[PDB]
Amino acid sequence: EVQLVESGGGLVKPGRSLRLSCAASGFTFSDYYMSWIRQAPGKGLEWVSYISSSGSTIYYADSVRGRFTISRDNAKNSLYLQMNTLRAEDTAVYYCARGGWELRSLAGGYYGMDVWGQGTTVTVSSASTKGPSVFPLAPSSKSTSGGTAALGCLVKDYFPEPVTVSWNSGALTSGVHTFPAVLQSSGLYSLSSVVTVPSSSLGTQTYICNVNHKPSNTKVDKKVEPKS
Amino acid sequence: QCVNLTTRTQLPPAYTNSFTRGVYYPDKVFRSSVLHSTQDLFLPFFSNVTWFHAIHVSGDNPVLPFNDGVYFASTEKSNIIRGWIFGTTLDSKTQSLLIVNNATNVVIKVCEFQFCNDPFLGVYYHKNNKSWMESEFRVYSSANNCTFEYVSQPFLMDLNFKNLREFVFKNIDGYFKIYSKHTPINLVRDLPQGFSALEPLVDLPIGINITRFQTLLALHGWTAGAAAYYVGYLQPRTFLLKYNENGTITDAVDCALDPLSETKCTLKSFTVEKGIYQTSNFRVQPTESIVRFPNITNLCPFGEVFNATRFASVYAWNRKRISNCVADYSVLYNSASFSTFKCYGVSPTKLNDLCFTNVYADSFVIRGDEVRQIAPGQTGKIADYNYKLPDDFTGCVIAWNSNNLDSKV
Amino acid sequence: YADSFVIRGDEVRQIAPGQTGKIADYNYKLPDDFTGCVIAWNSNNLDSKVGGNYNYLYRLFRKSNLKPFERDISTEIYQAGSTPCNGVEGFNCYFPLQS
Amino acid sequence: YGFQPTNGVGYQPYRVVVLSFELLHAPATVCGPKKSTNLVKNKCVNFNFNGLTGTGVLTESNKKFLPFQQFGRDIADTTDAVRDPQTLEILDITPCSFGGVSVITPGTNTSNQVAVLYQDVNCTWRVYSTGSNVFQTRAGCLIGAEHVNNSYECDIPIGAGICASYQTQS
Amino acid sequence: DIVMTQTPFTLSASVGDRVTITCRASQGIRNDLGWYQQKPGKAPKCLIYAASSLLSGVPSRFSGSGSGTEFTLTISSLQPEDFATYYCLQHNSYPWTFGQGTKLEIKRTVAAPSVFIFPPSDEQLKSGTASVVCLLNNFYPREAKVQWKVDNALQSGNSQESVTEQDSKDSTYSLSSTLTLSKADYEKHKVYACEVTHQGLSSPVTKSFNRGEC
Ligand SMILES: *[C@@H]1O[C@H](CO)[C@@H](O[C@@H]2O[C@H](CO)[C@@H](O[C@@H]3O[C@H](CO)[C@@H](O)[C@H](O)[C@H]3NC(C)=O)[C@H](O)[C@H]2NC(C)=O)[C@H](O)[C@H]1NC(C)=O
Ligand SMILES: *[C@@H]1O[C@H](CO)[C@@H](O[C@@H]2O[C@H](CO)[C@@H](O)[C@H](O)[C@H]2NC(C)=O)[C@H](O)[C@H]1NC(C)=O
Ligand SMILES: *[C@@H]1O[C@H](CO)[C@@H](O[C@@H]2O[C@H](CO)[C@@H](O)[C@H](O)[C@H]2NC(C)=O)[C@H](O)[C@H]1NC(C)=O
Ligand SMILES: *[C@@H]1O[C@H](CO)[C@@H](O[C@@H]2O[C@H](CO)[C@@H](O)[C@H](O)[C@H]2NC(C)=O)[C@H](O)[C@H]1NC(C)=O
Ligand SMILES: *[C@@H]1O[C@H](CO)[C@@H](O[C@@H]2O[C@H](CO)[C@@H](O)[C@H](O)[C@H]2NC(C)=O)[C@H](O)[C@H]1NC(C)=O
Ligand SMILES: *[C@@H]1O[C@H](CO)[C@@H](O[C@@H]2O[C@H](CO)[C@@H](O)[C@H](O)[C@H]2NC(C)=O)[C@H](O)[C@H]1NC(C)=O
Ligand SMILES: *[C@@H]1O[C@H](CO)[C@@H](O[C@@H]2O[C@H](CO)[C@@H](O)[C@H](O)[C@H]2NC(C)=O)[C@H](O)[C@H]1NC(C)=O
Ligand SMILES: CCCCC/C=C\C/C=C\CCCCCCCC(=O)O
Ligand SMILES: CCCCC/C=C\C/C=C\CCCCCCCC(=O)O
Ligand SMILES: *[C@@H]1O[C@H](CO)[C@@H](O)[C@H](O)[C@H]1NC(C)=O
Ligand SMILES: *[C@@H]1O[C@H](CO)[C@@H](O)[C@H](O)[C@H]1NC(C)=O
Ligand SMILES: *[C@@H]1O[C@H](CO)[C@@H](O)[C@H](O)[C@H]1NC(C)=O
Ligand SMILES: *[C@@H]1O[C@H](CO)[C@@H](O)[C@H](O)[C@H]1NC(C)=O
């Protein structure tokens, strides 16, 4: 059908530049305004940029003006952002969107932002790529209550956002809950995944958290046992 | 994208006389020095066309019916008249037709549009910088599932004098027919008293159902100008048309209208000599339509005749009596598929209007090759020894494959 | 002009002037003053899969028969009973197209 | 017949139903899905009685049908009586057009004034127009010509002793 | 520009009942308004494009009402595919500005949390830092408060929380608060306490341990 794809994102240390590209398929590209729209993590939608056909009318946001530059190519059916002197508040998922419909011609579709891209992640952190440090949070009577007791694994201090912790190579799906990673002031992420298990079964069976870090190649299994 | 700028100031509907207007070539044949006749859909003479005036903004276009086809006339001096939109609900869930005249081109679309309540073109710059003259189509708000597309050289928009443009639209058997003519009129306030042919423009392959339509105006804060247009409706009429010593139609007369024109027509001449002439008897037209069927409530046993569990042998075929039920056979559309269905003495398209006497249903099972033998005047063992149809047969024969119920391994 | 489509094998008899049935009533109607030819051939080798081919649809319900060479691509809920359906496809309100 | 599921199509079983009926002569009880209306009498209507269509005026009748009869026919074999299938009352069907018409012209090379003679009307109406100068004659109602008391030689013969002429113009 | 305000902003409902969302505007927009729906992790999609008109493929339980201002979206007879975050966007003048969203949550009988406090592992105190985790397990009202106390001093500005998505089975939430200290500062106090306040608790629950007591 009609489609919009993007490319160009990743990780950039602040004070440097990036270039996002977006390619369309199935439109008449000269009959529509195009737009770039960001979404910060844990927040709402917010427009970044609008451009008309032939690039005469250009709208930036007040937070981004003087640093970002839109461009079109109606022959190549392409949209750009040149993002200069990046900052730590530009860590977001970006979307190519069409909503134009250009009131001088006979276009098709709906009037509105009907078609969308898939999103491209931009991460700004003077970090680099660090591996996680793992500790086991033991089941304890302060965590125990009646029939069940909780134990888990704390995986902290890593930059490369996608990280996973499983329980017993993917065996336990009951009570296993990984909490959203937290971003510290140090610039590195951290999280903790915990699972409850009957208090009759404190040390009895196997509870080994399998930590895998995919941008790096870290794979470590840590056993959690009641406190000494 | 939509802005309805209307003012709630109704308007007394005016009328005016189309004396002899709206005569087209109802064929592509050439003819000279003759007086040809033709029953068609025409605009009758001395009729009551409705006058819509665009001056009503001082200190206005409705949706109009499309009964059988219309005659449309525009005066104006510039080009404040753009195209039209045609349909039956002017909405989504149904397709619609759009004819608009942008700049340097004429586009035509059939799609599923979502037109505004007051669709218009908005043009502003014809003066400012005298360049660009950007436009603004405030026609619809969504256009998808389009089928037909046409972009061609524009309509009659060449070139004090007003420009009378005449159009005739009619929608017949899935086509759209548009005839047109352009004339530099001089007399103000009305369509003239001359006689012009309407050479045909287009025959669009559309195939949608049209009941209503509306016209789209170009406004130049939007001001409207002071042009006007005229709408008249077509009726099935018989016309007497003479052409000229070189094609081109000079005159025509419409029988049904008046008692004199009847004689002019039956004489096949435009002049009548002194005397007295016999015309047709006095006719009265029917005012209503009535249907009177008996009080029947049940539905016929479609599911214990076609959906039975065991059929008879052809040598001992079964005969069943049917009475006191409505024969709505559309219920067989989901659960049945017949490979043979043929009626004799009646048309299949008439079965829904009729009422049937002495209805019997004969059922049996035969081989696949012998279904051709169930017909009047056939030979073979089934028609000779098992089941014979009369030559004066009235009714239908229905047959379907049942390999899934009457065969074992 | 050339009109093309795909139907069942039993319904090829319904492509003719003056016929009745769901194809001739709700999907494709030929004029009685028809000039031209009708051509049809079996395509079991291209339009069937081993699990089934549900790409080809047809209209099963309509309020009135079609006019010659008219095409209806609407998908409103057909009200067969005595109650408005509000476009929710409940009981006695059907989706018009089947496969 | 030996019916096995691995037969050729020409040897597979087919179920056959033959429906037989008669049309438009006797009382019927099947009918279709059509819906009925009310009975409008003393007017020109299109009618559909048990599938039999037509046009005309329906009036109450004095004919009395036997129980096995539904339609009545005249000598020209047209249906002129019918039994209403819901009220079981007999109705007469009379045609709608009736009466001759002639047009009197002084020639269209002199004027397009005309007079019209309705040869079956008696006014003291089934006319196209009423205008003025309505004059009754033993040949019909003449509309559009003024009656005078003089007498001349015949110019345009209307009939029954009456003539017409383009004098004083009218 | 033209600002938009959505009034409900974290509405909560059961399944199969009526839901209203109101969106206002700071100028006169005629009918140019769209309603958009975003499920977590995906791209947003249009539902109503001219303040009252559904798109092709949208079920007929969504409803739009509109004017110059004061637009309304209504979902009657809620179904479990309709729990997402809903935005209103204006199409009148460029640049096109969004609303603020409205997350829609699933009802659930008041459930109090299981609370649990975890002291820092001996491995981490070698490294020179102490994380003190406090867990709140299963709970409807997410408006829970986690007060850390160290030797009975309310601790401000050294904790972080995160919360899980509403559970697809029992429609509850779970919350983890982490208190981060240095080894040095950890070793300066005794009682570490975590006091949880919540509607299913008649008075707050404190789980606590004493640094250095097996
Ligand atoms: C009235 O409407 C028409 C259709 O909506 C417009 O016609 C369009 O004109 C364009 C340029 O004149 C055409 O674009 C060209 O298409 C060909 C493909 O055949 C390409 O090779 C060309 O590169 C391309 N040129 C450009 C500059 O894009 C459109 O194809 C044509 N539309 C259609 C459907 O054919 C008219 O422009 C419009 N009138 C005004 C005044 O805008
Ligand atoms: C154009 O005017 C119409 C009617 O005044 C507005 O359309 C709505 O129409 C439906 C029925 O078609 C009514 O039930 C609504 O009450 C109307 N809306 C309002 C707000 O009254 C339409 O909104 C107008 N168009 C624009 C662009 O304002
Ligand atoms: C068709 O008839 C028209 C007029 O009825 C002819 O036009 C005139 O032709 C004569 C000589 O042929 C000229 O002297 C006149 O000046 C013409 N009048 C006009 C108004 O043009 C025409 O020639 C005929 N033949 C055709 C069109 O082939
Ligand atoms: C056909 O149905 C109509 C009603 O639909 C019946 O008409 C009734 O006739 C009786 C006479 O005995 C009247 O008292 C009623 O008022 C009639 N009903 C209506 C609604 O007009 C008619 O009787 C039915 N046909 C037969 C043969 O009974
Ligand atoms: C004949 O038998 C068939 C099959 O048992 C009946 O068809 C079903 O009809 C209903 C209503 O149209 C559908 O919902 C079902 O899907 C049909 N069955 C199948 C298997 O698809 C049919 O109603 C029967 N005929 C009679 C007169 O009762
Ligand atoms: C074309 O569309 C019109 C829409 O009006 C159909 O005409 C009838 O419209 C009324 C609306 O008041 C409906 O209640 C009727 O059901 C419609 N008639 C029928 C027979 O369904 C008209 O039928 C359409 N044309 C065709 C060929 O279906
Ligand atoms: C064009 O019309 C077709 C129907 O003829 C629409 O196709 C339907 O799409 C919806 C949404 O996925 C499905 O639920 C239906 O089953 C589809 N029906 C058929 C027959 O395919 C299509 O969405 C329409 N296109 C647009 C842009 O509105
Ligand atoms: C050498 C062959 C005999 C030549 C006989 C010549 C003329 C006889 C006329 C017709 C013979 C028709 C034979 C087919 C019968 C099929 C019967 C049926 O099932 O319908
Ligand atoms: C079983 C009830 C007896 C029938 C009632 C009496 C007369 C009805 C006359 C014709 C009905 C046609 C039968 C069904 C044909 C469907 C046509 C098709 O699908 O192609
Ligand atoms: C036109 O119609 C009006 C009323 O609809 C009527 O009064 C008038 O006489 C008609 N005009 C002509 C010329 O018949
Ligand atoms: C009638 O008209 C023709 C042509 O206009 C003319 O030749 C004839 O003389 C006219 N009749 C009389 C009586 O003058
Ligand atoms: C017209 O009716 C009158 C009385 O009703 C009658 O005398 C007369 O004969 C009728 N007309 C003619 C000329 O027969
Ligand atoms: C014409 O004749 C009638 C006959 O009664 C008479 O009454 C009248 O005076 C005469 N003159 C007229 C009416 O022109």
Side-chain angles (χ1 to χ4, degrees), chain A residues 111, chain B residues 1-6 8 89-91 114-119 138 141 270-274 296 298-308 320-363 394-400, chain C residues 8 10-11 13-14 19-26, chain D residues 17-23 28-33 51 106-110, chain E residues 28-33 50-53 64-72 91-92:
Chain A
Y111 201 64
Chain B
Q1 72 280 13
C2 284
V3 43
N4 47 14
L5 68 157
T6 180
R8 308 157 162 85
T89 191
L90 299 168
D91 192 10
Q114 192 64 28
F115 301 128
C116 314
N117 276 342
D118 287 335
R138 315 244 167 202
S141 63
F270 277 62
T271 53
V272 192
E273 286 211 310
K274 185 177 73 136
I296 305 284
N298 308 314
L299 184 103
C300 284
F302 281 117
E304 74 178 326
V305 167
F306 291 94
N307 215 4
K320 190 198 184 187
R321 168 85 172 181
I322 295 159
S323 38
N324 294 133
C325 49
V326 181
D328 184 22
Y329 57 87
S330 142
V331 310
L332 292 173
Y333 282 176
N334 345 21
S335 66
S337 145
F338 310 114
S339 106
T340 281
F341 173 42
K342 206 175 132 134
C343 317
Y344 310 81
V346 65
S347 269
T349 44
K350 309 292 297 183
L351 291 166
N352 253 347
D353 314 309
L354 284 166
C355 193
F356 311 84
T357 331
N358 248 22
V359 186
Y360 283 104
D362 317 338
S363 17
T394 302
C396 328
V397 175
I398 314 162
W400 68 100
Chain C
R8 193 181 301 183
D10 276 345
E11 300 161 342
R13 65 174 173 82
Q14 295 185 27
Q19 284 290 333
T20 196
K22 66 162 162 66
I23 293 304
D25 286 2
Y26 306 143
Chain D
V17 170
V18 179
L19 305 162
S20 110
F21 41 72
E22 336 168 301
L23 285 174
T29 41
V30 168
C31 276
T108 60
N109 228 2
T110 265
Chain E
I29 68 176
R30 316 184 149 97
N31 270 331
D32 316 340
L33 196 93
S52 180
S53 277
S65 311
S67 161
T69 61
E70 193 255 345
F71 297 82
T72 308
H91 311 316
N92 201 284

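In what follows, every heavy atom counts, from backbone to side chain, and hydrogens, waters and symmetry copies are set aside. Note that ligands are numbered from 1 as they come in the structure, with each ligand's atoms numbered from 1 the same way. In what follows, every chain begins at residue 1, and chains take the letters A, B, ... in the order their sequences are listed.
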**Item:** Spatial distance of atom CH2 (B:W400) from atom CG (C:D10) [nearest 0.5 Å]
**Value:** 12.0 Å
**Contact bool for atom 23 (O) of ligand 2 (protein heavy atom, d < 4.0 Å)** = yes
**Prompt:** Is the closest N or O pair between E:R30 and ligand 2 shorter than 3.5 Å?
**Reply:** no
**Asked** Looking at side-chain heavy atoms only, is the closest gap between D:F21 and B:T394 below 4.5 Å?
**Response** yes
**Message:** Taking B:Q114's backbone N and O only, do any of them form a donor-acceptor pair with B:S141's side chain (distance below 3.5 Å, no angle check)?
**Reply:** yes
**Message:** What's the separation between atom OG in B:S339 and atom CD1 in B:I398, rounded to the nearest 0.5 Å?
**Reply:** 11.5 Å
**Donor-acceptor contact below 3.5 Å, side chain D:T108 vs main chain B:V272** = yes
**Message:** Side chains of E:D32 and E:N92: any donor to acceptor distance under 3.5 Å?
**Reply:** yes
**Asked** For ligand 9, which atoms, with element, lie under 4.0 Å from some heavy atom of B:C300?
**Response** 2 (C)
**Request:** State if E:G66 counts as touching ligand 2 under the rule of any non-hydrogen atom under 4.0 Å.
**Result:** yes
**Message:** Protein non-hydrogen atoms only, distance under 4.0 Å: does atom 26 (C) of ligand 2 have such a neighbour?
**Reply:** yes
**Request:** Report, in ascending order of atom number, the atoms of ligand 9 lying under 4.0 Å from any heavy atom of B:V359.
**Result:** 6 (C)
**Request:** Answer yes if a protein heavy atom lies under 4.0 Å from atom 8 (C) of ligand 2, otherwise answer no.
**Result:** no
**Item:** 4.5 Å side-chain heavy-atom contact, B:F338 and C:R13
**Value:** yes
**Heavy-atom pair with the smallest gap, counting every atom of D:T29 and B:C355** = N-SG, 4.5 Å
**Request:** Work out which heavy atom in B:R321 is nearest to a heavy atom in B:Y360; give both atom names and the distance.
**Result:** NH1-OH, 3.4 Å
**Asked** What is the nearest protein non-hydrogen atom to atom 28 (O) of ligand 2, stated with its residue, atom name and distance?
**Response** B:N4 OD1, 3.4 Å
**Message:** Just to confirm my output: which protein heavy-atom neighbour is closest to atom 3 (C) of ligand 9, and how far is it?
**Reply:** B:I322 CD1, 3.4 Å
**Request:** Would you mind checking which non-hydrogen protein atom is closest to atom 15 (C) of ligand 9, with the distance to 0.1 Å?
**Result:** B:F341 CZ, 3.7 Å
**Asked** Which atom names give the shortest non-hydrogen contact between B:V3 and B:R138, and what distance separates them?
**Response** CG1-CD, 3.9 Å
**Heavy-atom pair of closest approach, residues B:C343 and B:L351** = SG-CD1, 4.3 Å
**Request:** May I ask you to identify, for C:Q19, whether its side chain, its backbone, both or neither come under 4.0 Å of ligand 9 on a heavy-atom basis?
**Result:** neither
**Message:** Is the shortest side-chain heavy-atom distance between B:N4 and B:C116 below 4.5 Å?
**Reply:** no
**Prompt:** Under the 3.5 angstrom rule, does the side chain of C:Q14 hit a backbone N or O of C:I23 as a donor-acceptor pair?
**Reply:** yes
**Message:** Distance under 4.0 Å to a non-hydrogen atom of B:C2: what atoms of ligand 2 satisfy this?
**Reply:** 27 (C)
**Message:** Closer than 3.5 angstrom, by distance alone: can the side chain of B:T357 be matched with the main-chain N or O of D:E22 as a donor-acceptor pair?
**Reply:** yes
**Fill in**
Per-atom filter on ligand 9: closer than 4.0 angstrom to a heavy atom of B:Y333 are 19 (O)
**Fill in**
When distances are taken from atom 4 (C) of ligand 2, the protein heavy atom at minimum range is B:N117 ND2, 4.5 Å
**Prompt:** Short check: is a protein heavy atom less than 4.0 Å from atom 16 (O) of ligand 2?
**Reply:** no
**Request:** Step through the shown structure and confirm whether more than 12 heavy atoms of other residues, nucleotides or ligands are within 6.0 Å of NZ on B:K320.
**Result:** yes
**Prompt:** Considering all heavy atoms of both residues, which atom of A:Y111 and which atom of B:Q1 are nearest to each other, and what is their separation?
**Reply:** CD2-OE1, 3.1 Å
**Prompt:** Does C:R13 reach ligand 9, in the sense of a heavy atom lying below 4.0 Å from it?
**Reply:** yes
**Heavy-atom protein contact below 4.0 Å for atom 20 (C) of ligand 2** = yes
**Fill in**
Closest to atom 13 (C) of ligand 9 among protein heavy atoms sits B:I398 CD1, 3.9 Å
**Message:** Give me the nearest non-hydrogen protein atom to atom 11 (C) of ligand 9 as residue plus atom name, then the distance to 0.1 Å.
**Reply:** B:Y329 CD2, 4.0 Å
**Message:** More than 12 heavy atoms of other residues, nucleotides or ligands under 6.0 Å from CZ of E:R30: yes or no?
**Reply:** no
**Asked** For atom 1 (C) of ligand 2, is some protein heavy-atom partner under 4.0 Å away?
**Response** yes
**Asked** Measuring from each atom of ligand 11, which residues have a heavy atom under 4.0 Å away?
**Response** D:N109
**Item:** Identity and distance of the protein heavy atom lying nearest atom 5 (O) of ligand 2
**Value:** B:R8 NH2, 4.2 Å
**Test log, rule side-chain contact (heavy atoms from CB on, under 4.5 Å), inputs D:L19 and B:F356** = CA-CA 11 Å; D:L19 305 162; B:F356 311 84; over 6 Å; no
**Item:** Within-cutoff protein neighbour (heavy atom, under 4.0 Å) for atom 13 (C) of ligand 2
**Value:** no
**Message:** At less than 4.0 angstrom from any non-hydrogen atom of B:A327, what atoms of ligand 9 do you find?
**Reply:** 5 (C)
**Request:** Specify the protein heavy atom at minimum distance from atom 10 (C) of ligand 9: its residue, its atom name, and the distance to 0.1 Å.
**Result:** B:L351 CD1, 3.7 Å
